[PDB]
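Next up is one chain by itself, shown in C-alpha cells, the form deposited in one PDB entry.
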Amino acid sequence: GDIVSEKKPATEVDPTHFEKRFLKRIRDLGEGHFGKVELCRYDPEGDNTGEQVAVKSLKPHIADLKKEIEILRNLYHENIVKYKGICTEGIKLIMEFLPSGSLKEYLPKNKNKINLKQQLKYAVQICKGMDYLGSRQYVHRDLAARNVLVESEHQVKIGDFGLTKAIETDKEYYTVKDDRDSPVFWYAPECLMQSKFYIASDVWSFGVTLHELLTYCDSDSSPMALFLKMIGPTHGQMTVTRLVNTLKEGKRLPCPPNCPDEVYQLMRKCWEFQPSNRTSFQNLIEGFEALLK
C-alpha cells in the first residue's frame, strides 16, 4: 500500500533547551580553565529582541562541564547565578547574564557609590551563598572577586562553578589531582601543600576575596601583586614554596586602607594556618551583621 511512516508524537517545548541556530554570539565575558564564557542573544524571532544570556563552552573535559551543569542546575539561592539551560549537539551551559559583570569590573568604576556598609552587605551575601554550597556538600575551590557577579548595587551572586567538587559523605575533604592552573594566592596551606580541600579552605579563600572587595579590586592591591611584593616576583617555579613558607611564618596580607581593625580581625580568622582553627561562614555572617547594626 502507501509509504508507511511513523506517527509523530506531539512535540512539547522545553524552556531549558536552547537551539544552537538561535544562539548568537555578541562577545567574550571571560575565560575559565576548562573553558570560556560568551555573551549571546537567544534570538528565535530573529529581530534582536531575544534575551541576553551567558554561555559557557569548552575551548577546542566534556565530562567536567557536564558535572558543572548538573551542580548548577540544582542550586537554588538568591546569591548563586541562575541556570537557564543547555545547548547540545558537545554541550554548552546557558546562564543568566549580569550586565554589571564581576566585582573586578564593577568595584573600580563605582567606588563613590559603594561604601563600607555596602561592602559588608556584599560580604554577608557571599558567605550566604558559600554556606548554602557547603550545606550541599560542595567545595568551590575558586572563590575570588572575579567569580562574584553584581546583580545590582544591592546584590551579588557567586557566578562560576568550574572547579566545584562534591565532598564524599562522612568525609571532610576532596583530594585534588589536576592543580596546574591553581589560583595559588587565594589558596589555603593544606591546598598548596597536600592538595586537600575542605569547606575551611573556601573560608580561607573568602578572606582573600574580602580583601579584594575592601581594596575595590584595584590591580596594584590585588592578592597576587601584594604577595609577590612579600616573597619576591622572580622565583619562577619556587614561587609556591616561598608562598607556603611565608604563610608558615605567620605572614598575611596587610590591612586594606580605610578598613577598620574589627573588619580586619574577621578577615584574619579566615587565615588561621590550621583548617580546624578557622572561623565558619555562619560565624562570619554573625560578625558582619553585628558590624552592620
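All residue numbers refer to positions in the sequence shown, first residue = 1. Under this definition, the rigid core comprises the largest set of C-alpha atoms superposing within 1.5 Å between the forms.
For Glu172, the fraction of other compared entries lacking coordinates, among those that model flanking residues, is zero, nowhere near a third. Coverage remark for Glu89: absent from the model in at least one third of the other entries compared whose chains are built on both sides. The segment from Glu89 to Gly90 is interrupted, since 4 to 9 residues of the deposited sequence in that interval carry no coordinates.
The gap between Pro60 and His61 holds 4 to 9 unmodelled residues of the deposited sequence. Here 30 to 38 and 252 to 260 are compared by their mean Cα B-factor, and 30 to 38 comes out higher.
Here the stretch with the larger average CA B-factor, out of 140 to 148 and 182 to 190, is 182 to 190.
For the set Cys270, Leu23, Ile285, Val13, the PDB entry assigns the largest Cα B-factor to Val13. The residue among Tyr83, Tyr106, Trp204, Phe197 whose C-alpha carries the highest B-factor in the deposited model is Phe197.
In the PDB entry, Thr169 places in the highest third of its chain by CA B-factor. For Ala123, the recorded CA temperature factor ranks within the lowest third of the chain's modelled residues. Ranked by Cα temperature factor within the chain, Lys117 sits in the lowest third according to the deposited record. Sorting the modelled residues of the chain by their CA temperature factor places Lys111 in the middle third.
Per-chain ranking of the deposited C-alpha B factor places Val208 in the lowest third.
There is also a form deposited in another entry; it is not shown, and the following applies to it.
Relative to the superposed core, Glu262 shifts its CA atom by less than 2 Å between this form and the one not shown. The Cα position of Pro233 differs by 2 Å or more between this form and the one not shown after fitting on the rigid core. Once both forms are fitted on their core, a CA shift of 2 Å or more is seen for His33 between this form and the one not shown. In comparison with the shown form, the Cα-Cα distance of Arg268 and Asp179 increases by at least 3 angstroms in that other deposited form. In that other deposited form, the Cα atoms of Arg180 and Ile69 sit 3 Å or more nearer to each other than they do here.
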